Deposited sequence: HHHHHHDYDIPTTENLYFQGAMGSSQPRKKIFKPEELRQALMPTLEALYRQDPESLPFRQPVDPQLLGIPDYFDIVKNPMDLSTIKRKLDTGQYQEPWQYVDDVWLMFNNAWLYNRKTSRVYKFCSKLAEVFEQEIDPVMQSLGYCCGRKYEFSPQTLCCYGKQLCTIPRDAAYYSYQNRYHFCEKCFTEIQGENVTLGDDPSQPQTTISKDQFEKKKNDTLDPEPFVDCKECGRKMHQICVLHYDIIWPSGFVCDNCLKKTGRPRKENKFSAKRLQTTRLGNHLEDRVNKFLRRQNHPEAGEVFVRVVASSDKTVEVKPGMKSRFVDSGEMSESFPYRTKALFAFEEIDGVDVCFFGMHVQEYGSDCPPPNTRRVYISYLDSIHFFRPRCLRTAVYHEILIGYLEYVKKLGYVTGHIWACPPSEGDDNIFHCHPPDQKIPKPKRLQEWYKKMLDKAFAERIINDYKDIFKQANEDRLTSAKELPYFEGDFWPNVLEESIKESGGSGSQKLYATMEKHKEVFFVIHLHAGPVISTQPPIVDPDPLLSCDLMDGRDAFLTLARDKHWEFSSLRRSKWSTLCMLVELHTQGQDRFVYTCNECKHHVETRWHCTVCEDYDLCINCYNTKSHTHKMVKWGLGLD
């Protein structure tokens, strides 16, 4: 039952009383807001019988003062926890409209204002009591990591320590500077993730843009394709009995799905801010889907450091994609511009509450804004809504409009099972976009291999994992931890197991040479660049 920290930091009652008293004093200094808290709550004075059936562990400034004065706190966190218990009791019994609730919120704002730097000066991260967002009476706490050398407990998310990266345990920032050796660099980074021709093109597109701007807060951006696989869309049994039972359209359609993410350095750490799953139907795919792409899902977390260039870099990513698929041989883009349902996430588990979900018109206008700039850039020849293309290119049969996986139309055709379908086309005409890469020969060849990654094969896997692991994207601090964890998941959970080969030799070798300039220059001496003995 007993533990052993020989060099553990203990605070004498007067050392913590010296440091924690200013913070408690600042609360008492707030008149009249601290007045219903300066003494314990009295249900007989207030006519509130049910108080002790709601608040089970009462707390108030006076009890916290008595504990502080008579040294009943051994380490700061017991003080910190008791104030938040008093605050949490007020937010509980008193309604959000209440004066006491507002009074409590003011005290809490001043507690946050003072407690953070005092805890920081005493070798801690912050003085806040954190909890995870509710899922599905009782909430989940934030994890803590105890310093190996000093024993000081810290919020795991504050300090960004994950064991799988640093297995020698966690040692606090100041302990490392007492020895004179800085922390061991995180190798599970976005920059280190497997480079792909597509991702490189997209990150060049955004890095050249912000290089031209030279914005102060702007951090380096990394776009990586984390999963790439060959999937198949099977035609639904309804439309299958009308066109597949004959020979008008194929029973299935081949596409390559690719999940891809965008990351940026914020305070020297990787923060993920953009997600996107696409469907690419190649040259050997039967009609209608031949040579077309389809943005299946897209998501974002608004913590992009220079908040001004935020939508400029989202648009530059979306435009770099179209410049890429077009260049290698695709002809039409397809976006179902629909926002997510209330309280539902596309890719990133827990969105920030202060992050505004655009209205369907705003989303259409945002996509519209992106496409016009790409037209001027001479990437997209032209674009039109689904109705202005089914009547310009003359469509009369169901088999003529593209059939994508999880798209609206493949499921709406199944609804017309008892019977007007061209009438549904102009109702939602602004939602569906048809992009033209070419106006009007050799087959497509994706140079990139296939990234096998179960977590990014479909949105559901990453969304469910983060939900169980509590990897939220609700705060910048919480997004930094969720990115830290998702990067180790993509690294360690790497389903692809490599077999390296040399370039000029073309042999499967174990001992090799790798220069510090090219992307993957492996060579067998059995070139101008300086090689490394790997």
From the N-terminus onward, what segments of the deposited sequence lack any C-alpha atom in this model?
1-21, 158-219, 503-509, 531-535, 622-627, 636-640
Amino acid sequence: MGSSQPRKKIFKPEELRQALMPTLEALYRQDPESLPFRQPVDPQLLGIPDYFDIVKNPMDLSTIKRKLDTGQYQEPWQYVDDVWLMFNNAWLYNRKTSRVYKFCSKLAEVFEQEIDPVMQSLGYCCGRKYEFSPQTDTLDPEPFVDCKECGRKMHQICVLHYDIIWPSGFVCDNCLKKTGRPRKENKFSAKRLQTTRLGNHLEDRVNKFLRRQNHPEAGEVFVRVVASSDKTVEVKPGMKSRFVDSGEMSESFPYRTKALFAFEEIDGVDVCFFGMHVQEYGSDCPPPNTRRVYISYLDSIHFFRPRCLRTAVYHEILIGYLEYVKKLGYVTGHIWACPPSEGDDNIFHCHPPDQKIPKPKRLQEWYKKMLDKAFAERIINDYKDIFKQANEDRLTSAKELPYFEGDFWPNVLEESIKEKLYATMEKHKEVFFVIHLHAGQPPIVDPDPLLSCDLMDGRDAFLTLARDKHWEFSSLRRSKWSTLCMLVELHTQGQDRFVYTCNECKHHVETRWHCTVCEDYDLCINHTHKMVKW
From here on, numbers count along this sequence of modelled residues.
Look over 453-461 and 173-181 in the entry and identify the one with the greater average Cα temperature factor.
173-181
Between 208-216 and 73-81, name whichever shows the higher mean Cα B factor according to the PDB entry.
208-216
Comparing recorded Cα B-factors across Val41, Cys505, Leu61, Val55, which one is largest?
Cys505
Sorting by Cα B-factor within the chain, modelled residues only, which third would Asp468 end up in: lowest, middle or highest?
middle
Within-chain third of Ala227 by Cα B-factor, per the entry
lowest
Please place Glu489 in the lowest, middle or highest third of its chain according to the CA B-factor in the PDB entry.
lowest
Relative to the other modelled residues of the same chain, rank the CA B-factor of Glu251 and answer lowest, middle or highest third.
middle
Going by what the PDB entry lists, where does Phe387 fall on CA B-factor within its chain: lowest, middle or highest third?
highest
